[PDB]
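The structure appears below as structure tokens.
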Amino acid sequence: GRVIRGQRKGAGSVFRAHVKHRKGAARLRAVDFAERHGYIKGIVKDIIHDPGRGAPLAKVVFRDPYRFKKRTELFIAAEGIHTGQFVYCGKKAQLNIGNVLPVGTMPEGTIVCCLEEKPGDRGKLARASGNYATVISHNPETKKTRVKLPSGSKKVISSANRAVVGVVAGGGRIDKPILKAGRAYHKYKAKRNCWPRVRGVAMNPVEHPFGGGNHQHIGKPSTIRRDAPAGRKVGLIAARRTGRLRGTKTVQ
Amino acid sequence: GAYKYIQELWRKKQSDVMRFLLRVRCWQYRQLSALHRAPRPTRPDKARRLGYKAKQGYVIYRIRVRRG
Amino acid sequence: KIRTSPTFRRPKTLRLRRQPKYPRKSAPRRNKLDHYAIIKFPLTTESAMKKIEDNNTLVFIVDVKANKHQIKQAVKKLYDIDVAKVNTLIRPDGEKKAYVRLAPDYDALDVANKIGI
Amino acid sequence: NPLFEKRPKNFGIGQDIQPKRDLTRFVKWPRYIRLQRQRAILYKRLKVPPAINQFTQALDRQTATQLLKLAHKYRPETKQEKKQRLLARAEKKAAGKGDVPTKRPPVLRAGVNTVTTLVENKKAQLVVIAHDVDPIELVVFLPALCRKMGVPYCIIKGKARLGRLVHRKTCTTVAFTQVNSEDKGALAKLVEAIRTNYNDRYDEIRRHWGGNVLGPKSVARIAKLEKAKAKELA
RNA sequence: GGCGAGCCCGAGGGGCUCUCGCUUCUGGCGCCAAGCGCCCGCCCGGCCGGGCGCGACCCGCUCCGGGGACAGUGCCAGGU
RNA sequence: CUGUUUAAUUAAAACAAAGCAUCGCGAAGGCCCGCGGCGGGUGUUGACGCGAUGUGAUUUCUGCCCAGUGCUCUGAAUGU
RNA sequence: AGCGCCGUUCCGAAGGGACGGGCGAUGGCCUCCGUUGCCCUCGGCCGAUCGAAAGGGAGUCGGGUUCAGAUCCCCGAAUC
Ligand SMILES: [Mg+2]
Ligand SMILES: [Mg+2]
Ligand SMILES: [Mg+2]
Ligand SMILES: [Mg+2]
Ligand SMILES: [Mg+2]
Ligand SMILES: [Mg+2]
Ligand SMILES: [Mg+2]
Ligand SMILES: [Mg+2]
Ligand SMILES: [Mg+2]
Ligand SMILES: [Mg+2]
Ligand SMILES: [Mg+2]
Ligand SMILES: [Mg+2]
Ligand SMILES: [Mg+2]
Ligand SMILES: [Mg+2]
Ligand SMILES: [Mg+2]
Numbered sequence: 001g002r003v004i005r006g007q008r009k010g011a012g013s014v015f016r017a018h019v020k021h022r023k024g025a026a027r028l029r030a031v032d033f034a035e036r037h038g039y040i041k042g043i044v045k046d047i048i049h050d051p052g053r054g055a056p057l058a059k060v061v062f063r064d065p066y067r068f069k070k071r072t073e074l075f076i077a078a079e080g081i082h083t084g085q086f087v088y089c090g091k092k093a094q095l096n097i098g099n100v101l102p103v104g105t106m107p108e109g110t111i112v113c114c115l116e117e118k119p120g121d122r123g124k125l126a127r128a129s130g131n132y133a134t135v136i137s138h139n140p141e142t143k144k145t146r147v148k149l150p151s152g153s154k155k156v157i158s159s160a161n162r163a164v165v166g167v168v169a170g171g172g173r174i175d176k177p178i179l180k181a182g183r184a185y186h187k188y189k190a191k192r193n194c195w196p197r198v199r200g201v202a203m204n205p206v207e208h209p210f211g212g213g214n215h216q217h218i219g220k221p222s223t224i225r226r227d228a229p230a231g232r233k234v235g236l237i238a239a240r241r242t243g244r245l246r247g248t249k250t251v252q
Numbered sequence: 253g254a255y256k257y258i259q260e261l262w263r264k265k266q267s268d269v270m271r272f273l274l275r276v277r278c279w280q281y282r283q284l285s286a287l288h289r290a291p292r293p294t295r296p297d298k299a300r301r302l303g304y305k306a307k308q309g310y311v312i313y314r315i316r317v318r319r320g
Numbered sequence: 321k322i323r324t325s326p327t328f329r330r331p332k333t334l335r336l337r338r339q340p341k342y343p344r345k346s347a348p349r350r351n352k353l354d355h356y357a358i359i360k361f362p363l364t365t366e367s368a369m370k371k372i373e374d375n376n377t378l379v380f381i382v383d384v385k386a387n388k389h390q391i392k393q394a395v396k397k398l399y400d401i402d403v404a405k406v407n408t409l410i411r412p413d414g415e416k417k418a419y420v421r422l423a424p425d426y427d428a429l430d431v432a433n434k435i436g437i
Numbered sequence: 438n439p440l441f442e443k444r445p446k447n448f449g450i451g452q453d454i455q456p457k458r459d460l461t462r463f464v465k466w467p468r469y470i471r472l473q474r475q476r477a478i479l480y481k482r483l484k485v486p487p488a489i490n491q492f493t494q495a496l497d498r499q500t501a502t503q504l505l506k507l508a509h510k511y512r513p514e515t516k517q518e519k520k521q522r523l524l525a526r527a528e529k530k531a532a533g534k535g536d537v538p539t540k541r542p543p544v545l546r547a548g549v550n551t552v553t554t555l556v557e558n559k560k561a562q563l564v565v566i567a568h569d570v571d572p573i574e575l576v577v578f579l580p581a582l583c584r585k586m587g588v589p590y591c592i593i594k595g596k597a598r599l600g601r602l603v604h605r606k607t608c609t610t611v612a613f614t615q616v617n618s619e620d621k622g623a624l625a626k627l628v629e630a631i632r633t634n635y636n637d638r639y640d641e642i643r644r645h646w647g648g649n650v651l652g653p654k655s656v657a658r659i660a661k662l663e664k665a666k667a668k669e670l671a
């Protein structure tokens, strides 16, 4: 039959990210001599609003240790920073809010954000607004460190990758109901075309596996496995359970 | 004088004296480009029995294709 | 030699100047758009004739491959008269209409009587 | 003396900028540079077969200088003196009408086919085998062949230096076959040391395995772990 | 290397064994070397214009890290 | 609720909607495109994010059944 | 297999430029200047190129003229 709505996301025709008005990618300084054997002073000039993002962007200017040139970078603004604060970065930087430093320096229980999976990818984990990680379980030999992620997973990572100390500013963004379709329209028009949200039962049988019949009913078990082909994984994908929760996660 | 020795050494291309050179050449040619020019044949006996004569005009290319 | 930069680039080699052994067309091609081929037809209509009295300006029909400078040089090297300015338009039949305004020392009626329009 | 102050710059982290250092090991080298460098490193890392580990086990420079001083006056003739000898012999046989003015021309032979023919027919008195042939398959049969035919062979470093005694870019092989009257003792003095080095120890060299050398960072890591283990044991 | 500490022997001194550093009140500035030591053509023992080194330690065989004989690739076989 | 829809027979009780939920995924990943490459979309993105569905503002409720069909977890203790 | 296709910074030796100094040569009124050839030194392209007659984009306005032109033609007055 007809290609479903879920298969059109891979074409990239009209489902691309609205990426022009974004001010740039929010990354850290890549690791160098001044960030592996010391620290360097950096000044946050202003903080701006990246569209399609509720977390504020921070324009932190640096100084190149090798050539006479001021380098301007784009950090995720931690909570409580302000313009004119000397944001430090490196190995032996002192632990304050905003000072990105490797996890081997900080003690256990240090609430950080914008950390790295592998050392040198400029910030991947815990980047959304109002989220953080928990640093625990250091090791003298075999330099690894457990981090509790916002999903609750305890990931073992390296001890050389960096993380800005604090939480991401903009916490509580999902506290307000959108309260009308207009603000949702403006929000998704800012982010990307992720909003042809039409009910799969309400649409046609030839366009979705669930639609059809004289009544709006599913008719088929919506729990569909991970071994399903493309165009089949609709509804619940590899659902190990369903219904109302009981406990927190019950996953080791 | 030598080309029969080169032929008989190339025939048993599973032995240890040849498979090291074959592995080194496969790594070198894989880290090279796809289609380029080798300035001299790496198999002189096979090139000469296919028609290479060491004079001005005959060109040797080295080329990489995919299997399957 | 100390290579202080972490980027290796091309050395400035010695590029040779082109010094060929034989020419490739045996002769320079002659100028087909010469003075007799730029300015083709003087326009002798009413609106082109009234400009001679009221404008001190001649009207000519020019091939489309010529410009203001070539029209000016062609008029000065054929009619032995000075040119103040040249205004060109593309006539919609396919040719170029050139209004050649002359210097105030010359007389457009006298030049028109000498060229026969 | 009037003003002439000193203005020191402290090159630490977080202050006045770094000077232009050597930066040799950190420049982004091109594709073929990295190819040849990691190719040499790959030959150093991997275990080479015992028929090509014979290379880098070659002749020292004093005996190579003696060999070059012996081979300098057995040089093959170039085009200029070749045409000169042709025209001179033609003019002498046209004027004086001589039959055999030249008894024996002493000259060495070059080329792998010619050297292999001479060692198979036992005409070769000494074999000089080049080191830097990039297809080693062209060379690998020659040491065992010279060993079984009893002709002494010496492995030398540099095929360019052997090409410059034959007026060519590559020579790859030199066969000493004919000797003069004033060179027999010196050639025997060379052949005795060459048979001491290679022919009397071919069975020792063929059993040895080359390569198997780790990188210096890994060697220092294993040495640091060994010193830590020795500290823990004592 | 102590303007720094370390654990000891110990009379100066010794290194069993260890960690390097020279930027943390400030919305300032910071590059194209100061100094020192040698070598040249110029004013009879003087003056101008130039080169090298120390400043900025030496050597080395991967740009640096993270995985690693796994992942993937080519073919064959069985499920779905 | 405002909005949208069968242009050329329907304007709706239909669709959408905020709210309430559920499931997958910590990047060698989830869902997809591609005949092909470790090629692309989400991704200038990182669980307050992305992807897939049910219901449809607020208040009050979410009863009982895993026998069946699905989805998921575990162990070469164990049949094929 | 292939016309060709993927991709736009990715796996590229992807700057042909100028300043300053030194040396050799040529020319003009060889006083004084302009070039050629070599050496040293410096120099991220966010990567060739296209893409708006409504986006960015320096500077012309007044009177008169024809059957048909007008900030364009004539006169006068300005600017880049
Ligand atoms: Mg809630
Ligand atoms: Mg919804
Ligand atoms: Mg809906
Ligand atoms: Mg319908
Ligand atoms: Mg169907
Ligand atoms: Mg039913
Ligand atoms: Mg050639
Ligand atoms: Mg109607
Ligand atoms: Mg609730
Ligand atoms: Mg409700
Ligand atoms: Mg129920
Ligand atoms: Mg354009
Ligand atoms: Mg304009
Ligand atoms: Mg009009
Ligand atoms: Mg006007």
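Residue numbers (the working numbering), protein chains in the order written: chain A, 1 to 252; chain Y, 253 to 320; chain E, 321 to 437; chain H, 438 to 671.
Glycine is no exception: its CB is placed at the ideal position from the N, C-alpha and C atoms.
Neighbourhood of residue i by C-beta, 8 Å cutoff - its chain only, sequence neighbours within 5 removed
{"i": "residue 598 of chain H", "result": "505"}
{"i": "residue 242 of chain A", "result": "223, 236"}
{"i": "residue 628 of chain H", "result": "562, 563, 589"}
Residue i and residue j closer than 9 Å at C-beta
{"i": "residue 596 of chain H", "j": "residue 607 of chain H", "result": "yes"}
{"i": "residue 603 of chain H", "j": "residue 611 of chain H", "result": "yes"}
{"i": "residue 455 of chain H", "j": "residue 65 of chain A", "result": "yes"}
{"i": "residue 261 of chain Y", "j": "residue 492 of chain H", "result": "no"}
{"i": "residue 28 of chain A", "j": "residue 164 of chain A", "result": "yes"}
{"i": "residue 87 of chain A", "j": "residue 112 of chain A", "result": "no"}
{"i": "residue 22 of chain A", "j": "residue 56 of chain A", "result": "no"}
{"i": "residue 382 of chain E", "j": "residue 418 of chain E", "result": "yes"}
{"i": "residue 313 of chain Y", "j": "residue 290 of chain Y", "result": "yes"}
{"i": "residue 226 of chain A", "j": "residue 233 of chain A", "result": "yes"}
{"i": "residue 523 of chain H", "j": "residue 592 of chain H", "result": "no"}
{"i": "residue 118 of chain A", "j": "residue 105 of chain A", "result": "no"}
Proximal residues to residue i (C-beta, below 6 Å), its chain only, five neighbours per side dropped
{"i": "residue 59 of chain A", "result": "45, 46"}
Whole-angstrom C-beta distance between residue j and residue i, which should lie under 8 Å
{"i": "residue 589 of chain H", "j": "residue 635 of chain H", "result": "7 Å"}
{"i": "residue 89 of chain A", "j": "residue 99 of chain A", "result": "7 Å"}
{"i": "residue 161 of chain A", "j": "residue 103 of chain A", "result": "7 Å"}
{"i": "residue 101 of chain A", "j": "residue 26 of chain A", "result": "That pair is no contact at about 18 Å."}
{"i": "residue 391 of chain E", "j": "residue 358 of chain E", "result": "6 Å"}
{"i": "residue 556 of chain H", "j": "residue 566 of chain H", "result": "About 11 Å separates the two Cβ atoms, so there is no contact after all."}
Contacts around residue i, its chain only, beta-carbon distance under 7 Å, and the 5 residues preceding and following it disregarded
{"i": "residue 584 of chain H", "result": "636, 639"}
{"i": "residue 397 of chain E", "result": "355"}
{"i": "residue 126 of chain A", "result": "113, 114, 115, 132, 133, 149, 150"}
{"i": "residue 600 of chain H", "result": "606, 607, 608"}
{"i": "residue 385 of chain E", "result": "353"}
Paired residues, beta bridge with residue i - DSSP
{"i": "residue 90 of chain A", "result": "A:39"}
{"i": "residue 441 of chain H", "result": "Residue 441 of chain H is not bridged to any residue."}
{"i": "residue 612 of chain H", "result": "H:546, H:564"}
{"i": "residue 378 of chain E", "result": "E:420"}
{"i": "residue 657 of chain H", "result": "Answer is none; residue 657 of chain H lacks a bridge partner."}
{"i": "residue 255 of chain A", "result": "There is no way to answer for residue 255 of chain A, as the model of chain A reaches only from 1 to 252."}
{"i": "residue 313 of chain Y", "result": "Y:289"}
In chain order, which continuous runs of the beta strand (DSSP E) of length 3 or greater are located wholly inside the region 397–421 of chain E?
DSSP assignment within the region 397–421 of chain E yields the following whole beta strand (DSSP E) runs of 3 residues or more, N-terminal first: 403–410.
Inside the region 330–361 of chain E only - alpha helix (DSSP H) runs reaching at least 4 residues:
Runs of the alpha helix (DSSP H) inside the region 330–361 of chain E: 355–358.
What residue ranges within the region 11–82 of chain A form continuous alpha helix (DSSP H) runs of no fewer than 4 residues, ordered along the chain?
33–36
Quick check for students: name the residue ranges of the alpha helix (DSSP H) that lie wholly in the region 202–226 of chain A, counting only runs of 4 or more.
none
Which ranges would you report for the alpha helix (DSSP H) in the region 88–147 of chain A if only whole runs of at least 4 residues count?
Assignment of alpha helix (DSSP H) within the region 88–147 of chain A, counting only whole runs of 4 or more residues, yields no such run.
Continuous beta strand (DSSP E) assignments of at least 3 residues falling wholly in the region 159–183 of chain A
162–165
What runs of the beta strand (DSSP E), each 3 residues or longer, lie entirely inside the region 497–539 of chain H?
none
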